[PDB]
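Beneath this line is the structure, given in C-alpha cells, with notes to follow.
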Amino acid sequence: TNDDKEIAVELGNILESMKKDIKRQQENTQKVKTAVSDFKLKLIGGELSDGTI
Amino acid sequence: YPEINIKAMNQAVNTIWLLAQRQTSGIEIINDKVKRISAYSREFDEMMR
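So the protein lines, in turn, are chains A and B.
Reminder that position 32 of the first sequence reads as 191 in full-length UniProt numbering, one-by-one numbering, no gaps.
Reminder that position 44 of the second sequence reads as 56 in full-length UniProt numbering, one-by-one numbering, no gaps.
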C-alpha cells in the first residue's frame, strides 16, 4: 500500500510504486531536517539553510 | 584509534563562537579575523557530526 492509500500487488508494480514513495519520503525528510537545523542554528549560530550567518 | 574527548572539543567549538560575539577589540580587521575563524569552527562541528 502506497502513501496514497492505494494498493499494489504485482512485483513489477510494487517496486516502481515503492521507488516513488521512498523518493517522496526523502524530500519530505529533507524539508524536516532543514527546519530543524534552521531552528537549531538560529539558536546556537552559524550558517542557516539560505546561507545567512 | 587512541583517545578523542569531544567534550573538550564541542565545548571549545562553542566557546570560539561564544568569544566571537563577545570580543570588544574595537577594530575592524580582527572583527573579520574572528568571524572567518568562528564560522569555520561552527561549520566544522556540523560537518563532523
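Where a beta carbon is used, it is the ideal one built from N, C-alpha and C, also for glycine.
For residue i, would you say it is in contact with chain B, using Cβ-to-Cβ distances shorter than 7 Å as the test?
i, result
"A:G204", "yes"
"A:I212", "yes"
Please classify residue i as buried or exposed, where buried requires at least 16 neighbouring CB atoms within 10 angstroms.
i, result
"A:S208", "exposed"
"B:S37", "exposed"
"B:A32", "buried"
"B:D57", "buried"
Going by the beta-carbon positions, is the gap between residue i and residue j smaller than 7 Å?
i, j, result
"B:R54", "A:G205", "yes"
"A:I212", "B:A24", "no"
"A:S176", "A:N161", "yes"
Within 7 Å of chain A by C-beta, residues of the segment 29-55 of chain B in sequence order | The residues in question are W29, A51, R54 and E55.
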